Amino acid sequence: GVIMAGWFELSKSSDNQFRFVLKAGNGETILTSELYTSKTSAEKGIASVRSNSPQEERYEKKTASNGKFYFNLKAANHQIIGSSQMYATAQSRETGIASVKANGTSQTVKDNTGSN
């Protein structure tokens with residue numbers, strides 16, 4: 001077999017909204033897409049995060065007024081294809097860039113959808 005680098009999990013929310021979370025080797029969620037009305041938007045969501053995974057500049061390195069460093073990966077459609085969790089330190093945001101770059105080159109999607 002081949003070496004795995006993290007995994008995506010496509011789950012639909014309580015409002016049936018399709019949202020995949022990117023997790024690292026320890027299951028640490030490093031990226032989380034927005035609520036998509038269709039799974040087709042989530043397929044193009046992961047297609048875009050995988051293509052913009054080495055594109056460090058496409059990540060929006062921002063700091064919340066809570067003093068929290070995070071990054072939102074944009075699409076051509078101005079859509080957040082993956083917002084990161086708000087970190088305490090800036091170095092944790094940079095490790096986040098490296099981690100989403102590492103595990104974002106994968107496409108190992110776990111279908112958690114079908115919750116009814």
# chains A, B, ... in the order shown; residues from 1 in each chain; ligands from 1
>>> select_by_dssp(residues="segment 11-79 of chain A", states="strand (DSSP E)", output="NGL selection string")
:A and (11-12 or 18-23 or 29-32 or 59-64 or 68-74)
>>> residues_around(residues="residue 14 of chain A", least_positions_apart="5", cutoff="12 Å", atoms="only C-alpha atoms", output="JSON, numbers by chain")
{"A": [19, 35, 113, 114, 115, 116]}
>>> write_last_selection(atoms="C-alpha atoms", output="PDB file, in the first residue's frame")
ATOM      1  CA  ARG A  19     -19.174  19.994   4.885  1.00  0.00           C
ATOM      2  CA  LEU A  35     -21.873  24.575   4.629  1.00  0.00           C
ATOM      3  CA  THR A 113     -23.118  11.576   5.112  1.00  0.00           C
ATOM      4  CA  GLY A 114     -26.375   9.542   5.364  1.00  0.00           C
ATOM      5  CA  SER A 115     -27.229  10.585   8.950  1.00  0.00           C
ATOM      6  CA  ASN A 116     -31.065  10.399   9.303  1.00  0.00           C
TER       7      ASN A 116
END
>>> closest_residue(among="A:74, A:12, A:44, A:39", to="residue 61 of chain A", atoms="only C-alpha atoms")
A:74
>>> atom_distance(atom1="atom CA of residue 53 of chain A", atom2="atom CA of residue 29 of chain A")
15.3 Å
>>> closest_residue(among="A:85, A:26, A:107, A:79", to="residue 43 of chain A", atoms="only C-alpha atoms")
A:107
>>> select_by_dssp(residues="chain A", states="alpha helix (DSSP H)", output="PyMOL selection string")
chain A and resi 39-51+90-103
>>> write_last_selection(atoms="N, CA, C and O atoms", output="JSON list (two decimals), in the first residue's frame")
[["chain", "number", "residue", "atom", "x", "y", "z"],
["A", 39, "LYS", "N", -23.66, 18.28, -2.33],
["A", 39, "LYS", "CA", -22.38, 17.52, -2.22],
["A", 39, "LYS", "C", -21.46, 17.83, -3.41],
["A", 39, "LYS", "O", -20.25, 17.73, -3.27],
["A", 40, "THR", "N", -22.06, 18.18, -4.57],
["A", 40, "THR", "CA", -21.32, 18.60, -5.78],
["A", 40, "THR", "C", -20.41, 19.82, -5.50],
["A", 40, "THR", "O", -19.30, 19.91, -6.04],
["A", 41, "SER", "N", -20.89, 20.74, -4.65],
["A", 41, "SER", "CA", -20.13, 21.92, -4.21],
["A", 41, "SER", "C", -18.97, 21.50, -3.27],
["A", 41, "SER", "O", -17.92, 22.14, -3.26],
["A", 42, "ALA", "N", -19.20, 20.43, -2.49],
["A", 42, "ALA", "CA", -18.19, 19.86, -1.57],
["A", 42, "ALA", "C", -17.10, 19.06, -2.34],
["A", 42, "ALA", "O", -15.96, 18.98, -1.89],
["A", 43, "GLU", "N", -17.49, 18.47, -3.49],
["A", 43, "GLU", "CA", -16.56, 17.74, -4.39],
["A", 43, "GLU", "C", -15.60, 18.74, -5.06],
["A", 43, "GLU", "O", -14.39, 18.51, -5.14],
["A", 44, "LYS", "N", -16.18, 19.85, -5.55],
["A", 44, "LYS", "CA", -15.40, 20.97, -6.12],
["A", 44, "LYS", "C", -14.66, 21.73, -5.01],
["A", 44, "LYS", "O", -13.63, 22.36, -5.28],
["A", 45, "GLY", "N", -15.18, 21.65, -3.77],
["A", 45, "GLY", "CA", -14.52, 22.23, -2.61],
["A", 45, "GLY", "C", -13.19, 21.56, -2.33],
["A", 45, "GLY", "O", -12.16, 22.23, -2.23],
["A", 46, "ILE", "N", -13.19, 20.20, -2.26],
["A", 46, "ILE", "CA", -11.96, 19.42, -2.01],
["A", 46, "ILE", "C", -11.02, 19.46, -3.24],
["A", 46, "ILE", "O", -9.80, 19.48, -3.09],
["A", 47, "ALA", "N", -11.62, 19.48, -4.44],
["A", 47, "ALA", "CA", -10.86, 19.59, -5.71],
["A", 47, "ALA", "C", -10.04, 20.89, -5.72],
["A", 47, "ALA", "O", -8.87, 20.91, -6.14],
["A", 48, "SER", "N", -10.66, 21.97, -5.22],
["A", 48, "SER", "CA", -10.03, 23.29, -5.13],
["A", 48, "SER", "C", -8.98, 23.33, -3.99],
["A", 48, "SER", "O", -7.89, 23.85, -4.21],
["A", 49, "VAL", "N", -9.29, 22.77, -2.78],
["A", 49, "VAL", "CA", -8.32, 22.79, -1.64],
["A", 49, "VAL", "C", -7.06, 21.97, -1.96],
["A", 49, "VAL", "O", -5.99, 22.27, -1.46],
["A", 50, "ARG", "N", -7.23, 20.93, -2.80],
["A", 50, "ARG", "CA", -6.13, 20.03, -3.19],
["A", 50, "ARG", "C", -5.20, 20.72, -4.21],
["A", 50, "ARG", "O", -3.98, 20.53, -4.18],
["A", 51, "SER", "N", -5.80, 21.53, -5.09],
["A", 51, "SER", "CA", -5.08, 22.31, -6.11],
["A", 51, "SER", "C", -4.41, 23.56, -5.49],
["A", 51, "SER", "O", -3.34, 23.99, -5.93],
["A", 90, "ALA", "N", 0.80, 32.60, 16.38],
["A", 90, "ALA", "CA", 0.99, 32.77, 14.93],
["A", 90, "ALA", "C", 1.77, 31.59, 14.34],
["A", 90, "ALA", "O", 1.51, 31.19, 13.20],
["A", 91, "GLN", "N", 2.71, 31.02, 15.13],
["A", 91, "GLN", "CA", 3.51, 29.85, 14.72],
["A", 91, "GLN", "C", 2.62, 28.61, 14.48],
["A", 91, "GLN", "O", 2.92, 27.78, 13.62],
["A", 92, "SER", "N", 1.52, 28.52, 15.25],
["A", 92, "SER", "CA", 0.53, 27.43, 15.12],
["A", 92, "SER", "C", -0.29, 27.59, 13.83],
["A", 92, "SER", "O", -0.75, 26.60, 13.24],
["A", 93, "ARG", "N", -0.48, 28.86, 13.40],
["A", 93, "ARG", "CA", -1.13, 29.19, 12.11],
["A", 93, "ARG", "C", -0.22, 28.78, 10.94],
["A", 93, "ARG", "O", -0.70, 28.27, 9.92],
["A", 94, "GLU", "N", 1.11, 28.99, 11.10],
["A", 94, "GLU", "CA", 2.12, 28.66, 10.07],
["A", 94, "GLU", "C", 2.29, 27.13, 9.93],
["A", 94, "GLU", "O", 2.44, 26.61, 8.82],
["A", 95, "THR", "N", 2.27, 26.44, 11.08],
["A", 95, "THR", "CA", 2.25, 24.96, 11.14],
["A", 95, "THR", "C", 0.95, 24.45, 10.50],
["A", 95, "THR", "O", 0.94, 23.40, 9.84],
["A", 96, "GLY", "N", -0.13, 25.23, 10.67],
["A", 96, "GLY", "CA", -1.41, 24.96, 10.02],
["A", 96, "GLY", "C", -1.31, 25.01, 8.50],
["A", 96, "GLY", "O", -1.85, 24.14, 7.82],
["A", 97, "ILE", "N", -0.62, 26.04, 7.96],
["A", 97, "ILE", "CA", -0.38, 26.20, 6.51],
["A", 97, "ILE", "C", 0.35, 24.95, 5.96],
["A", 97, "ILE", "O", -0.04, 24.37, 4.94],
["A", 98, "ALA", "N", 1.39, 24.53, 6.71],
["A", 98, "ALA", "CA", 2.22, 23.36, 6.37],
["A", 98, "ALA", "C", 1.43, 22.04, 6.47],
["A", 98, "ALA", "O", 1.65, 21.12, 5.67],
["A", 99, "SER", "N", 0.51, 21.97, 7.45],
["A", 99, "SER", "CA", -0.27, 20.76, 7.73],
["A", 99, "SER", "C", -1.37, 20.57, 6.67],
["A", 99, "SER", "O", -1.56, 19.47, 6.18],
["A", 100, "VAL", "N", -2.08, 21.65, 6.32],
["A", 100, "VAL", "CA", -3.13, 21.63, 5.27],
["A", 100, "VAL", "C", -2.49, 21.41, 3.88],
["A", 100, "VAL", "O", -3.10, 20.85, 2.98],
["A", 101, "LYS", "N", -1.23, 21.85, 3.74],
["A", 101, "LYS", "CA", -0.42, 21.59, 2.54],
["A", 101, "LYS", "C", -0.04, 20.09, 2.44],
["A", 101, "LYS", "O", -0.03, 19.50, 1.36],
["A", 102, "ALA", "N", 0.25, 19.49, 3.61],
["A", 102, "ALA", "CA", 0.68, 18.08, 3.71],
["A", 102, "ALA", "C", -0.50, 17.11, 3.49],
["A", 102, "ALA", "O", -0.42, 16.19, 2.67],
["A", 103, "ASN", "N", -1.59, 17.34, 4.23],
["A", 103, "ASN", "CA", -2.76, 16.44, 4.24],
["A", 103, "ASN", "C", -3.78, 16.84, 3.15],
["A", 103, "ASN", "O", -4.68, 16.06, 2.82]]
>>> atom_distance(atom1="atom CA of residue 21 of chain A", atom2="atom CA of residue 33 of chain A")
6.4 Å
>>> residues_around(residues="residue 73 of chain A", least_positions_apart="4", cutoff="6 Å", atoms="only C-alpha atoms", output="ChimeraX atom specification")
/A:58-60,80-82
>>> write_last_selection(atoms="N, CA and C atoms", output="compact mmCIF listing (two decimals), in the first residue's frame")
# COMPACT_ATOMS: atom_id res chain seq x y z
N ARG A 58 -2.86 31.67 -1.48
CA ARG A 58 -4.32 31.58 -1.62
C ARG A 58 -5.01 31.44 -0.24
N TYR A 59 -4.25 30.98 0.77
CA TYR A 59 -4.69 31.00 2.17
C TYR A 59 -4.70 32.46 2.67
N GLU A 60 -5.79 32.87 3.35
CA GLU A 60 -5.93 34.22 3.90
C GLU A 60 -5.51 34.20 5.37
N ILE A 80 -15.13 30.32 0.68
CA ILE A 80 -14.23 29.67 1.63
C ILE A 80 -14.37 28.15 1.45
N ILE A 81 -13.41 27.57 0.73
CA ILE A 81 -13.34 26.11 0.50
C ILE A 81 -12.74 25.38 1.72
N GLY A 82 -12.18 26.17 2.65
CA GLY A 82 -11.68 25.64 3.91
C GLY A 82 -11.21 26.73 4.86
